[PDB]
40 protein chains.
Amino acid sequence: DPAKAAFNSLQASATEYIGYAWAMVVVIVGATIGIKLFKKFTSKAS
Amino acid sequence: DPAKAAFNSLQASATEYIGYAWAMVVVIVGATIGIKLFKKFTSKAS
Amino acid sequence: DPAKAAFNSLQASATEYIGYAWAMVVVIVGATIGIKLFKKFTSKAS
Amino acid sequence: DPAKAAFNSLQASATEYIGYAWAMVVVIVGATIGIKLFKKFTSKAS
Amino acid sequence: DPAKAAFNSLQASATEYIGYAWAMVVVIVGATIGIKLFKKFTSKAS
Amino acid sequence: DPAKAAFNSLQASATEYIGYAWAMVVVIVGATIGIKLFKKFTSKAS
Amino acid sequence: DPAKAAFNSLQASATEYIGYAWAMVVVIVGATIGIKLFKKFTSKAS
Amino acid sequence: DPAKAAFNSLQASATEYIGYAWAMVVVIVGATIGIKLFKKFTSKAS
Amino acid sequence: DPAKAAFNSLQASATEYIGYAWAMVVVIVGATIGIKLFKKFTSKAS
Amino acid sequence: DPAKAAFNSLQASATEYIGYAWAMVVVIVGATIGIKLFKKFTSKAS
Amino acid sequence: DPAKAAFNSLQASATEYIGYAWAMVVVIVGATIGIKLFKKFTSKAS
Amino acid sequence: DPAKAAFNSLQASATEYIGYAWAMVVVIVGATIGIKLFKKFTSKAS
Amino acid sequence: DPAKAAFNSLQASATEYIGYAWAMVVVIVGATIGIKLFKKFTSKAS
Amino acid sequence: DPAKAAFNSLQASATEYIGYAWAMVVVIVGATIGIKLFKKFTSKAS
Amino acid sequence: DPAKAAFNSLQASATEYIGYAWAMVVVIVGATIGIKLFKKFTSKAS
Amino acid sequence: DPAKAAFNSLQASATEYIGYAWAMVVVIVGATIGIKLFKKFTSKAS
Amino acid sequence: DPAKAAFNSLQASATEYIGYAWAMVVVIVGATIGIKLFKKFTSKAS
Amino acid sequence: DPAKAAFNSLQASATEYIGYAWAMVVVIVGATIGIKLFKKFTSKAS
Amino acid sequence: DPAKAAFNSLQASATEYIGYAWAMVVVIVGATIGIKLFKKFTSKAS
Amino acid sequence: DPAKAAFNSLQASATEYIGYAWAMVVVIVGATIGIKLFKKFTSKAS
Amino acid sequence: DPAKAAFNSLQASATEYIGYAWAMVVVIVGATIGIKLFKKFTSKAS
Amino acid sequence: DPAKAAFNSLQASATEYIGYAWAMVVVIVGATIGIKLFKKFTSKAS
Amino acid sequence: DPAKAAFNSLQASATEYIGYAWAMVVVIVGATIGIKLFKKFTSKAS
Amino acid sequence: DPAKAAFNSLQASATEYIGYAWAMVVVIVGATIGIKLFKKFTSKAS
Amino acid sequence: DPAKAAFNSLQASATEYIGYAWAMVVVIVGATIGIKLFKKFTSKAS
Amino acid sequence: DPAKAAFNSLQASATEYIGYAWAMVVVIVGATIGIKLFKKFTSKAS
Amino acid sequence: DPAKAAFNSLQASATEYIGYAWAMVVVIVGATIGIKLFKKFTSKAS
Amino acid sequence: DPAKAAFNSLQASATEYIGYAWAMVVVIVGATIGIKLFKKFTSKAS
Amino acid sequence: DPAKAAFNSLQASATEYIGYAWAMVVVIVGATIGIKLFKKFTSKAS
Amino acid sequence: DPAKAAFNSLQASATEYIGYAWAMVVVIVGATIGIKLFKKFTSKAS
Amino acid sequence: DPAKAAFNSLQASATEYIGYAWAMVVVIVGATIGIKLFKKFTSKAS
Amino acid sequence: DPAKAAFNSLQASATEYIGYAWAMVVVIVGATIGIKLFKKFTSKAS
Amino acid sequence: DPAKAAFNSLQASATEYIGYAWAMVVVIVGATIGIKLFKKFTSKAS
Amino acid sequence: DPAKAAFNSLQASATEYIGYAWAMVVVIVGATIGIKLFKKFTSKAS
Amino acid sequence: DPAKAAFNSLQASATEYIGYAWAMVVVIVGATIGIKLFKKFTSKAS
Amino acid sequence: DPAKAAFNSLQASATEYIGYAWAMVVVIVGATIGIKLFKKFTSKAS
Amino acid sequence: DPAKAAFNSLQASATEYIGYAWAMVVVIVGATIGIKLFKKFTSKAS
Amino acid sequence: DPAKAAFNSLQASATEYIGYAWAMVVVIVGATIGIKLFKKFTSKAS
Amino acid sequence: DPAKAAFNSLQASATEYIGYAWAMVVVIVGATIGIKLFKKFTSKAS
Amino acid sequence: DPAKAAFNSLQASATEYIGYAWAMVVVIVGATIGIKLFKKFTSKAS
């Protein structure tokens with residue numbers, strides 16, 4: 001049954017895309033929150 | 001009749017295909033909602 | 001029903017995100033208030 | 001989970017930022033309080 | 001008539017989906033409003 | 001003439017589909033509008 | 001015309017949401033003004 | 001209607017938040033007014 | 001109108017707040033003037 | 001002409017929905033603006 | 001056209017809110033100015 | 001316009017405040033001048 | 001050509017909406033500035 | 001030729017269908033834009 | 001242009017507020033200077 | 001060639017539609033900015 | 001081009017608003033500074 | 001009006017102070033005059 | 001005019017003290033001149 | 001401006017105060033000098 | 001009411017501070033008047 | 001530029017206030033010096 | 001390639017829009033900063 | 001061969017259709033982008 | 001609820017903060033009062 | 001091969017469009033950030 | 001009333017100083033008159 | 001200059017006071033010297 | 001760049017404001033110091 | 001798999017953009033805090 | 001059979017088209033995401 | 001990549017605005033501190 | 001409360017200061033009276 | 001700087017004030033000394 | 001907790017200033033008191 | 001982490017600002033206390 | 001670094017202001033002490 | 001810490017003024033006592 | 001405590017000044033008494 | 001230092017006034033002693 005192997009391949013590819021997207025979004029959100037917190041804490045500390 | 005047996009086989013195949021489709025939808029929607037909630041809660045927490 | 005398991009998985013995942021968000025909220029709010037109270041009391045006492 | 005690690009990394013980054021803010025505000029607050037006390041006491045003494 | 005039962009089953013599935021969505025949205029909205037009110041009342045109290 | 005009965009039969013049998021479709025839309029739309037207003041008013045109420 | 005009944009149901013449903021929102025506003029607003037007036041009048045009285 | 005219960009939980013939570021806010025503001029205000037009165041009265045007596 | 005009750009409720013609290021402020025300010029002012037008059041009238045007579 | 005009779009039926013139905021929609025908008029918008037004005041005017045007066 | 005009626009109702013609600021806000025602000029301003037004038041004239045007279 | 005009534009009430013209130021301030025200052029000044037003249041004339045006559 | 005007529009009708013409705021909006025803005029801004037100036041001049045005079 | 005008369009008959013039918021379609025669009029577009037501008041101006045009016 | 005009329009009305013209201021504030025400040029300053037001069041001249045003559 | 005006339009007519013027909021759109025956009029935008037500046041300049045002038 | 005004309009009209013409206021705001025702020029600032037100078041010089045003269 | 005009651009409270013207390021000052025000043029002045037007259041008359045007579 | 005009455009009362013009190021002091025000084029001077037003249041006359045006559 | 005009228009009013013009030021002060025000081029100085037000259041001349045003559 | 005207890009707690013403390021201040025001022029004044037009377041009566045008697 | 005005209009008006013008003021203040025202080029100081037010199041020279045002459 | 005000319009035309013229109021926006025920004029910011037500096041320096045100088 | 005001539009004729013027809021379509025898309029997109037940038041720069045400028 | 005611990009952590013920290021403020025203000029007041037009494041008593045005694 | 005040539009042509013066209021879009025985005029972003037920074041720094045400097 | 005005890009205690013204290021002052025002056029005066037009478041009686045006898 | 005006018009006015013008033021004081025002292029000294037020389041010459045003649 | 005020209009114009013305007021403020025403050029300071037020195041020297045001269 | 005290469009290139013571009021953004025934020029925030037601290041410390045020192 | 005050759009040729013052509021489409025998707029997505037993050041980071045940084 | 005050039009240009013522009021803002025703020029702060037110090041020193045010296 | 005301890009410490013310090021001041025005033029007054037009595041008695045005795 | 005010119009104007013004004021005060025004081029002192037010397041010489045020579 | 005260290009450093013620094021203030025006041029007070037007795041005792045001794 | 005370096009640079013700039021502010025305040029306080037002590041000791045010496 | 005130059009210019013301006021203040025206070029104090037010593041020595045010598 | 005150096009500098013300067021004040025008061029008291037003793041001894045010896 | 005050291009130092013200095021005060025007075029008194037008996041005894045013996 | 005020059009100038013002025021006062025007192029004392037000795041010697045001659 002080729003459909004079985006095709007679905008496994010599609011699910012594996014989707015999981016790989018999920019992993020890469022998670023890495024990218026983690027990097028972007030980390031940068032954004034870092035900048036926001038830096039500005040906020042610098043304004044409040046001074 | 002062979003037509004009835006073919007119909008039963010097609011119903012079983014359709015159920016199996018719906019099984020893979022449901023699994024793929026679950027994983028993809030889980031990833032999407034996880035990313036959305038991560039961004040939302042991270043932005044609101046800061 | 002795969003839908004029943006799917007919705008339950010997202011609800012459990014969302015609860016974890018709320019827990020992580022609440023952990024980050026407390027440390028941020030505690031620092032901001034601690035600085036403001038420190039600046040307010042040191043000016044009143046002096 | 002990718003999300004669990006990301007939330008913890010942000011909390012560590014936020015906690016690190018609080019340390020810098022406290023160090024900076026202590027230096028700033030000490031200057032304003034010290035000048036206030038210096039001007040107050042130099043006039044009371046005379 | 002298969003159409004009657006099919007429509008009724010789809011309507012029941014829709015109602016079940018509405019129930020799950022309502023539970024999830026109540027959880028998320030409760031968390032968000034809790035964080036917002038916590039920040040607001042903490043700022044007003046000090 | 002069986003033909004005129006056939007045209008009547010489909011038109012008569014059709015109406016139930018519009019009846020059930022209309023009932024299905026109300027519960028689907030009611031959930032969508034219900035969640036939309038719940039998030040809208042709780043956000044402004046806070 | 002099920003749509004005529006459906007619109008009336010939504011208008012009745014939306015009216016209830018306004019009732020809950022108004023009850024939530026008055027308790028929150030009263031607490032905000034109550035703290036603000038308490039802080040203002042104690043400073044004036046002293 | 002799940003929405004009615006959802007609004008009640010938020011209103012109950014909001015009232016709980018108000019009690020904590022009122023309790024906290026009393027302590028902070030009482031300290032500032034106490035210090036203000038202490039410095040004011042010690043100058044008159046001296 | 002729900003707002004009409006809210007505005008009347010807030011004004012009722014404000015007048016209640018004013019009474020407490022007036023009660024406290026009389027006690028504080030009376031003490032300050034009494035000490036001031038005691039110091040003034042004692043030095044003049046002695 | 002079946003089309004001309006049909007077009008009037010849909011056009012008349014469209015006028016009905018606009019009437020019900022306009023009634024719903026007034027209720028929702030009036031509540032939103034009322035709360036916005038209530039929060040704005042209360043803070044200024046206090 | 002419902003728009004004109006909605007606008008008129010909104011304007012009436014705004015005027016009523018303005019009236020309540022004016023009453024409250026007159027009360028509060030009168031209280032504060034009375035306290036200030038009392039403490040200034042008592043200081044001057046003695 | 002409530003502003004005219006508020007200003008008139010405030011001016012009237014300032015008027016009776018001035019009245020009591022004058023009533024108290026007349027008594028205080030009379031007492032002080034009486035003591036001064038008593039001690040001056042007793043010293044001179046004796 | 002009915003497109004031009006529709007465009008003109010929408011333009012006229014927009015102009016009417018601008019009229020109502022301008023009336024409401026004048027009322028609200030007048031009330032707010034009146035309250036602000038009343039408080040400012042009252043605090044300055046006393 | 002019967003053919004040349006036919007297309008004119010269909011063309012004549014095409015003219016009337018467009019006539020009602022244009023009439024239908026204006027009331028729907030007017031309702032959509034009228035509500036959209038109503039929400040915009042009232043929000044900015046406050 | 002309703003904006004020009006609004007500006008004119010606001011300027012007129014500001015002028016009336018200026019008049020009321022001037023009257024009140026004249027009364028207050030007159031009373032205070034009268035008390036001060038009464039005390040000074042009574043002390044000097046005695 | 002009817003194709004050239006058809007495209008030219010459609011291209012020509014788009015010209016005044018842009019004209020009506022541009023005419024309406026200026027009216028709407030001028031209303032929005034006029035209100036926005038009126039609120040901004042009135043607050044700063046006070 | 002309509003855009004250039006719209007921009008020029010907006011700039012002209014802004015200039016008129018600036019003129020009105022300048023007149024209002026000159027009036028208000030003159031009044032406040034006159035009151036302050038009156039109080040200061042009246043206190044100094046006595 | 002609490003202010004009127006407060007003003008008479010101070011004046012009633014201020015009246016008591018004058019009685020206390022007058023009682024003591026007669027004793028002190030009586031002693032000063034008595035010693036002076038004693039020294040004057042014992043020398044002139046002798 | 002409170003100043004008129006206060007000054008008149010102060011002048012009347014001053015006149016009363018002047019009268020009492022005049023009586024006392026007449027008594028004292030009479031006694032002193034009498035004893036001195038008595039001593040002188042007895043010394044000379046002998 | 002009301003400033004000119006206020007300045008004239010306080011100047012006239014001050015002149016009236018000088019009149020009363022001059023009357024009182026003339027009376028007091030006359031009494032004191034009369035007593036002193038009486039005691040000097042009765043001491044010298046005898 | 002959270003504020004009703006809060007106001008009373010401050011007033012209860014405020015009265016206590018008055019008791020502490022009145023005890024301290026009596027001690028200070030007793031030395032000031034005692035030293036003044038000691039130097040006054042020693043010089044006269046000696 | 002309205003700024004130059006506003007500043008010139010403010011400076012002219014300030015200078016006129018200066019003139020009034022000088023006119024008042026001359027009278028007050030003349031009265032004080034006259035009373036002082038009258039008492040001094042009457043004491044020395046007698 | 002008409003797209004090249006289209007992109008050039010869009011860039012030119014955007015540049016014209018930037019020019020108009022910059023002119024309007026200069027005017028508005030100049031007016032606002034002028035008002036702010038006028039108020040600040042007028043308050044500081046007096 | 002008529003086939004080659006037909007292919008060339010339809011190729012030229014397609015080329016001119018692409019030309020007209022390119023012109024239409026250029027003008028429509030230019031209008032849309034002009035309106036969008038007009039609104040954007042007008043909102044940002046004010 | 002994470003909010004219950006969050007408010008207690010801040011409220012406990014605020015109570016801790018007041019302790020240092022009360023400790024420092026006693027040290028500051030002790031020096032200011034001590035110097036004031038030292039300069040007062042050495043001047044009176046000498 | 002027409003296929004590879006067509007694909008390369010589309011790739012080159014996409015690259016050219018990307019370059020032109022990047023240029024336009026650079027212009028728009030530069031203008032917007034320039035205006036934002038101008039307003040921010042002008043407000044902060046003053 | 002703390003003031004009642006304070007004045008009464010001081011008046012009692014002043015009485016003690018009067019007693020000591022009266023006691024010491026008799027010793028001093030007795031010496032002065034004693035020596036003067038001693039010298040004058042011996043000179044007249046001798 | 002107001003200062004110069006005030007200074008010479010005060011100098012003129014001082015000169016008049018000097019003249020009056022000189023006249024009075026001449027009268028008093030004349031009387032005293034006359035009576036003293038009268039007594040001295042009558043005693044010497046005897 | 002338009003921004004550089006705008007900054008230069010704002011700086012020039014600020015310098016002009018500084019000049020006006022300097023002139024006004026020189027006038028006011030001269031007046032106040034002249035009055036204070038006049039009082040001081042007329043008090044010292046007598 | 002071109003997807004992995006595309007994801008890696010996109011993440012690298014994101015990281016480089018983050019670096020440039022961090023540099024820009026550092027510069028801007030440094031300038032802002034520098035201006036704020038300069039104006040704070042200059043105000044405190046004077 | 002020619003079937004295998006046809007299938008293999010179609011598969012190879014499909015693979016080549018997939019590769020070309022993948023390259024086109026990579027470049028287009030890279031450009032789009034680059035512009036998106038450029039705008040995001042320039043907006044956040046400012 | 002145009003992104004690097006765009007970021008560098010934006011950073012250079014931000015540096016230029018920083019320089020202009022620093023110049024303007026130095027000028028304004030210098031003027032304000034000059035006025036403040038002038039008033040303080042002319043009040044102290046005289 | 002730390003306020004009670006602070007007040008008690010202040011009162012104890014005041015008592016100590018009173019003791020030292022009493023010692024100094026007794027010794028100084030004793031020396032002064034000794035010198036005065038020495039001079040007086042050596043004058044009278046001889 | 002205008003500060004140097006203001007300082008020089010204030011110093012010239014002070015020098016003029018000093019000269020006026022010296023003239024007034026020397027006249028007053030000469031008159032006082034002449035009166036004293038006349039009295040002394042009439043007591044001595046006669 | 002950085003705050004506990006920060007408060008202790010401020011309290012420790014405040015104690016250091018009190019040491020310098022007490023050292024300086026003793027030197028100043030000793031000079032002023034020493035001069036007063038030098039002038040007091042020299043006049044009494046001689 | 002560029003944020004750590006940015007925080008360090010900001011703290012260094014703050015330390016430099018503190019040094020400059022300390023120098024300026026030392027100079028200003030030295031001048032003020034020098035003038036005060038000069039005036040006080042000059043008055044005491046004479 | 002513009003901050004260093006700004007601070008240096010501010011300190012230089014402060015030093016020049018200190019010099020001017022010293023120049024003025026020397027003259028004022030010299031005049032006051034000259035008048036005081038002139039009066040003292042002319043009263044003692046005569 | 002510059003504060004300690006500033007305190008030491010002020011103490012040294014204060015010692016310097018104390019030295020000059022002591023020299024001046026020694027000169028003044030020497031001259032005064034010399035004149036008084038000269039007059040006393042010339043009166044006694046002659 | 002620094003206060004105890006200061007008071008003892010002042011008392012030690014005060015006792016020190018008394019020693020020189022008694023040293024000088026006996027020298028002056030012995031001279032005045034010595035010259036007095038010298039004039040008394042020689043006249044009586046002769 | 002300005003203090004050095006000011007103190008030296010004041011000491012020189014004090015010495016000048018001392019010399020002038022010495023000359024005046026020598027003249028006056030010589031005249032008085034001459035008159036008294038002349039009266040004594042002529043009395044002793046007769």
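Residues numbered from 1 in each chain as written, not as in the entry; some residues may be left out. Chains lettered and ligands numbered in written order. Heavy atoms only, no water.

Its PDB header attributes the entry to cryo-EM and lists the resolution as 3.4 Å.

1. Some details on the overall build of chain A
Threshold: In DSSP terms, a helix is any run of H or I states spanning at least four residues, a strand is any run of E spanning at least two, and both are numbered starting from the N terminus. A 1.4 Å probe rolled over the protein chains alone gives each residue an accessible area, and that area as a share of the maximum for its type sets the label: buried under 20%, exposed over 50%, partly exposed in between. Using the Shrake-Rupley algorithm and a 1.4 Å probe, accessible areas are obtained, with residue cover drawn only from the displayed protein chains.
Within chain A, the secondary structure is distributed over one helix and zero strands. Considered along the principal axes of its C-alpha atoms, chain A spans approximately 70 × 10 × 5 Å. When the 46 residues of chain A are sorted by exposure, 43% land in the buried category. For chain A, the exposed area adds up to about 2000 Å²; of that, 69% sits on carbon and sulfur atoms.

2. Focus on the relation of the copies chain AI and chain Y
Cut-off, in case you're wondering: A least-squares superposition on the C-alpha atoms brings the copies onto one another. Contacts between residues were defined by any pair of non-hydrogen atoms, one from each residue, lying within 4.5 Å.
With an RMSD of 0.2 Å, the operation that places chain AI on chain Y is a rotation of 35 degrees combined with a shift of 16 Å along the axis. Different-surface contact between copies: only 6% of interface residues of chain AI are shared with the interface of chain Y.

3. As for the pattern of salt bridges
Basically, it comes down to this: A pairing counts as a salt bridge when a side-chain nitrogen of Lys or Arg comes within 4 Å of a carboxyl oxygen of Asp or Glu.
All told, the structure shown has six salt bridges over all chains when counted by the stated rule. We note a salt bridge from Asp1 of chain Z to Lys4 of chain Z, for which the minimum N-O separation is 2.4 Å. The class for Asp1 of chain Z is exposed, based on a relative accessible area of 57%. Beyond isolated ion pairs, a larger network of salt bridges with shared partners links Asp1 and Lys4 of chain T together with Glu16 of chain V.

4. Quick look at the layout of surface pockets
Under the convention used in this document: Cavities and pockets were defined on a 1 Å grid built from protein atoms only: a cavity is a group of points that admits a 1.4 Å probe but offers it no way out, a pocket is an open group of points flanked by protein on both sides within 12 Å along at least five of seven lines, and a lining residue is one with an atom within 4 Å of any such point. Grid points are joined across faces, edges and corners, and a volume is the space filled by probe spheres set on the points. Residues were grouped as follows: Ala, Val, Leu, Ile, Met, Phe, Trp, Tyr, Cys and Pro as nonpolar; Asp, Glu, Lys and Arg as charged; and all remaining residues, including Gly, as polar.
Roughly 860 Å³ of volume is contained in the largest pocket. In this structure, the largest pocket is lined by 28 residues; those nearest its centre are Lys36 and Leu37 of chain N, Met24 and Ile28 of chain P together with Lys39 of chain X. Those elements giving two or more residues to the lining of the largest pocket turn out to be α1 (2-45) of chain M, α1 (2-45) of chain N, α1 (2-45) of chain P together with α1 (2-45) of chain X. Per-element accounting of the lining of the largest pocket gives the leading share, eleven residues, to α1 of chain P. Tallied by class, residues from the lining of the largest pocket come to 19 nonpolar, three polar and six charged.

5. A closer look at the UniProt feature "transmembrane region" in chain A
Here is the rule we go by: UniProt positions are given in the numbering used here, feature names are shortened, and annotations may be inferred rather than shown by experiment.
The sites that UniProt annotates as "transmembrane region" are residues 21-41 of chain A. Across residues 21-41 of chain A, the secondary structure splits into 100% helix and 0% strand, with the terminal C-alpha atoms separated by 30 Å.

6. A short note on the environment of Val25 of chain G
Examined against the element boundaries, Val25 of chain G turns out to sit in helix α1 (residues 2-45). Leaving out residues up to four positions away in the same chain, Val25 of chain G has contacts with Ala45 of chain F together with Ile35 and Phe38 of chain J.

7. Side note on empty space enclosed by the protein
This model, assessed by the stated rule, comprises three cavities of 30 Å³ or more. One number sums up the size of the largest cavity: a volume of about 60 Å³. Forming the walls of the largest cavity are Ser46 of chain Y, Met24 of chain AG, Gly30, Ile33, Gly34 and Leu37 of chain AI together with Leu10, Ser13, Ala14 and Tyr17 of chain AM. Put simply, the parts of the chain that give the lining of the largest cavity at least two residues each are α1 (2-45) of chain AI together with α1 (2-45) of chain AM. Here the lining of the largest cavity is composed, by residue class, of six nonpolar, four polar and no charged.

8. Overview of the interface of chain AI and chain Y
To keep it simple, the criterion reads: Once two parts are brought into contact, the accessible area they lose, counted with a 1.4 Å probe and summed over both, makes up the buried area. Polar contact is the term for a pair of N or O atoms within 3.5 Å; when the atoms are in protein, one must be able to donate a hydrogen and the other to accept it, and sequence-neighboring residues count only if both atoms are side-chain atoms.
Across the contact, 18 residues belong to chain AI and 16 residues belong to chain Y. With both sides pooled, the region where chain AI packs onto chain Y buries about 1400 Å², and carbon together with sulfur makes up 75% of that total. Counting the surface chain AI buries against chain Y, the share from its top three residues, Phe7, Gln11 and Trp22 of chain AI, is 35%. The interface formed by chain AI and chain Y contains zero salt bridges. Taken together, chain AI and chain Y are joined by three residue pairs in polar contact. When its residues are assigned to classes, the side of chain AI that touches chain Y shows eleven nonpolar, three polar and four charged.

9. Quick notes on a positive patch on the surface
Convention followed: Note on patches: the residues involved have over 30% relative accessible area and no salt bridge, like charges join within 9 Å, and the nonpolar side chains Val, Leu, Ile, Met, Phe, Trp and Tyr join within 5 Å. By the counting scheme adopted, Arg and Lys are positive, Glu and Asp are negative, and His together with the chain ends is not counted. A charged residue contributes its charge at one atom only: NZ of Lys, CZ of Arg, CG of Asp or CD of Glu.
There is a patch of like positive charges on the surface, built from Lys36 of chain A, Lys36, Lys39, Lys40 and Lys44 of chain B, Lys36 and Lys39 of chain E, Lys39 of chain F together with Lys36, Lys40 and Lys44 of chain AE. By residue number, the principal contributor to the positive patch is helix α1 (residues 2-45) of chain B, which donates four residues. With a relative accessible area of 37%, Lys39 of chain E lands in the partly exposed category.

10. Concerning the packing of helix α1 (residues 2-45) of chain W against helix α1 (residues 2-45) of chain AC
Short version of the rule: With axes taken as lines fitted to C-alpha atoms, and helix axes fitted only over the stretch in contact, angles between N-to-C directions fall between 0 and 180 degrees. Here roughly perpendicular refers to angles of 65 to 115 degrees, roughly parallel to angles under 35, roughly antiparallel to angles over 145, and oblique to all remaining angles. For any helix crossing, the convention is left-handed if the near helix is rotated counterclockwise from the far helix by under a right angle, and right-handed if that rotation is clockwise.
The interhelical angle for the contact between α1 of chain W and α1 of chain AC, taken along N-to-C directions, is 20 degrees, at an axis separation of 10 Å. Taken together, the axis directions place α1 of chain W and α1 of chain AC in an arrangement best described as roughly parallel. Crossing handedness for the pair α1 of chain W and α1 of chain AC: right-handed. Contact residues: α1 of chain W offers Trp22, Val26, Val29, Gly30, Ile33, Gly34, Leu37, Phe38, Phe41 and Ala45 of chain W, while α1 of chain AC offers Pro2, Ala3, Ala6, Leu10, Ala14, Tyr17, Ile18, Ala21, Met24 and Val25 of chain AC.

11. Some words on a nonpolar patch on the surface
All names here are of chain F. Residues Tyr17, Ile18, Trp22, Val25 and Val29 make up a contiguous nonpolar surface patch of roughly 410 Å² in combined accessible area. On the secondary structure map, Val29 appears in helix α1 (residues 2-45). Residue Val29 is classed as partly exposed on the basis of its relative accessible area of 33%.

12. A closer look at the packing of aromatic side chains
The criterion, for reference: Classification of ring pairs uses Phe, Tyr and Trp, with its six-membered ring standing for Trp, and accepts pairs whose centres are within 6.5 Å; under 30 degrees between planes counts as stacked, over 60 as edge-to-face, and the remaining range as tilted.
Overall, the coordinates contain 131 aromatic pairs over all chains when judged by the stated rule. Taking the centre distance of 5.5 Å and the plane angle of 40 degrees together, the rings of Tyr20 of chain C and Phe7 of chain D count as tilted. Here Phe7 of chain D lies in helix α1 (residues 2-45) and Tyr20 of chain C lies in helix α1 (residues 2-45), a pairing that spans two chains. Three or more aromatic residues joined by ring pairs make a cluster, and in this case those are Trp22 of chain A, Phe38 of chain B, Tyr17 and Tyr20 of chain C together with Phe7 of chain D.

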